[PDB]
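So you can see what is in the structure, the chains are spelled out below.
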Amino acid sequence: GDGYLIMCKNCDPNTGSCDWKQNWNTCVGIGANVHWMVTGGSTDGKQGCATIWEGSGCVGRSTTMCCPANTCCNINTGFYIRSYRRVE
């Protein structure tokens with residue numbers, strides 16, 4: 001339960017240290033075993049989506065990647081990923 005827009009090292013916040021920084025409308029840099037956006041029931045129905053960047057500090061190439069609410073979503077792209085900023 002509880003809304004959130006965190007991401008994780010595994011598919012499971014129970015057994016993986018997910019980062020609980022704010023992510024909504026911020027240029028957050030990521031890496032190091034982090035490859036799962038595991039998104040909560042924030043607005044249960046309303047997916048969480050992000051623009052996700054190649055660069056550290058949201059420069060470089062990007063994807064815009066969406067996933068539904070209460071869904072564990074493995075980030076693998078056609079590039080390395082480092083930053084993101086949400087979009088919904």
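Residues numbered from 1 in each chain as written, not as in the entry; some residues may be left out. Heavy atoms only, no water. Residues with missing side-chain atoms left out of burial classes, pairs and counts.

Determination of this PDB entry was carried out by solution NMR, according to the record.

Read across the sheet, 4 strands follow the order 2-7-4-5 without closing on themselves; strand pairing throughout is antiparallel. Every interior strand has two partners, whereas the edge strands, strand 2 (28–29) and strand 5 (62–67), have only one. Two elements, strand 2 and strand 7 (residues 83–86), share 2 bridges in a ladder whose sense is antiparallel. Counted as the bridge partner of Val28 is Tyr84 from strand 7. (Pairing = 2+ DSSP bridges. Helix = DSSP H or I, 4+ residues; strand = E, 2+ residues; numbered from the N terminus.)

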